[PDB]
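Number 60 in PDB author numbering belongs to position 60 of the sequence shown; there are no gaps in the numbering. Each residue gets a CB set at the ideal place from its N, CA and C atoms; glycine is no exception. One structure is given here, and the rest of the page talks about it.
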Amino acid sequence: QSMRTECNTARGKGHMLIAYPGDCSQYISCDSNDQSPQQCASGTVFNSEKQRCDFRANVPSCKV
Numbered sequence: 001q002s003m004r005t006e007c008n009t010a011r012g013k014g015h016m017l018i019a020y021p022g023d024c025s026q027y028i029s030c031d032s033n034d035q036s037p038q039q040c041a042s043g044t045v046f047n048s049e050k051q052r053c054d055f056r057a058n059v060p061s062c063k064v
């Protein structure tokens, strides 16, 4: 309608696209072939160094 290509210098506010949710993690189910049951309970009784860090590629970080 009316040429408004002059005072269009206020078009620099397109940095508000952080609304993206966190429901895009449906690819962490590779455990089927990436089973990483990190349950190394290596706790030498001569150096109490229990490295039991449950890191199962199918379970949430359960470091023990």
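Residues bridged to residue i (per DSSP)
i          : result
residue 63 : 53
Residue i versus residue j: straight-line alpha-carbon distance, rounded
i          : j          : result
residue 19 : residue 25 : 16 Å
residue 23 : residue 17 : 16 Å
residue 64 : residue 40 : 10 Å
residue 53 : residue 27 : 23 Å
residue 10 : residue 4  : 12 Å
residue 50 : residue 21 : 38 Å
Counting only runs of 3+ residues fully inside the stretch 1 to 27, write out the beta strand (DSSP E) ranges in chain order. none
Per the contact definition of three or more C-beta pairs closer than 8 Å, is the stretch 22 to 36 in contact with the stretch 55 to 64? yes
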